[PDB]
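Quick setup: one chain, the form deposited in one PDB entry, written in structure tokens, and binding and motion questions come after.
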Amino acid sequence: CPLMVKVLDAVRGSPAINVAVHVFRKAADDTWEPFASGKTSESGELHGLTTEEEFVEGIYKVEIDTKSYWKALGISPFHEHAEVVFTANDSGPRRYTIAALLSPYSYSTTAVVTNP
């Protein structure tokens, strides 16, 4: 798994379950081609999005939708989408972990990049 996504809730200190994640790649004619997608697990993690063979250098957009998570808590969320855009594998192949930390009025996001 070269690309992991974690989502956490800063209020509850728990993993965010069933967050929808959509990954896009910037395509040749200046548009976003679909690339991968999934839901986060009990542990709030999602990998198995791609393989090193499909995860070529390029520009990727990672979108999350947290509607299912707040719904199951009985929370009527105010906002529920977040996104990052980064450039991948420019120095050849790396593993990316992208973590998001949720509060109703605060959003934090961190990227860890490691060598496979």
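Between two forms, the rigid core is the largest collection of C-alphas that superpose within 1.5 Å. The first residue of the shown sequence is 1; numbering continues from there.
Omitted here: the form deposited in another entry. The next part is about that form.
Participant: Given a cut-off of 2 Å on Cα movement between this form and the one not shown, rigid core as reference, pick the single residue from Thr87, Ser76, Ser43, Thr51 that exceeds or meets it.
Facilitator: After core superposition, the one over threshold is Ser76.
Participant: By the 2 angstroms cut-off, has the C-alpha of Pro104 moved between this form and the one not shown once the rigid core is superposed?
Facilitator: Indeed, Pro104 is displaced by 2 Å or more.
Participant: Does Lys67 count as moved between this form and the one not shown, where moved means a C-alpha shift of 2 angstroms or more after fitting the rigid core?
Facilitator: For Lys67, whose C-alpha is compared between this form and the one not shown after core superposition, the shift is 2 Å or more.
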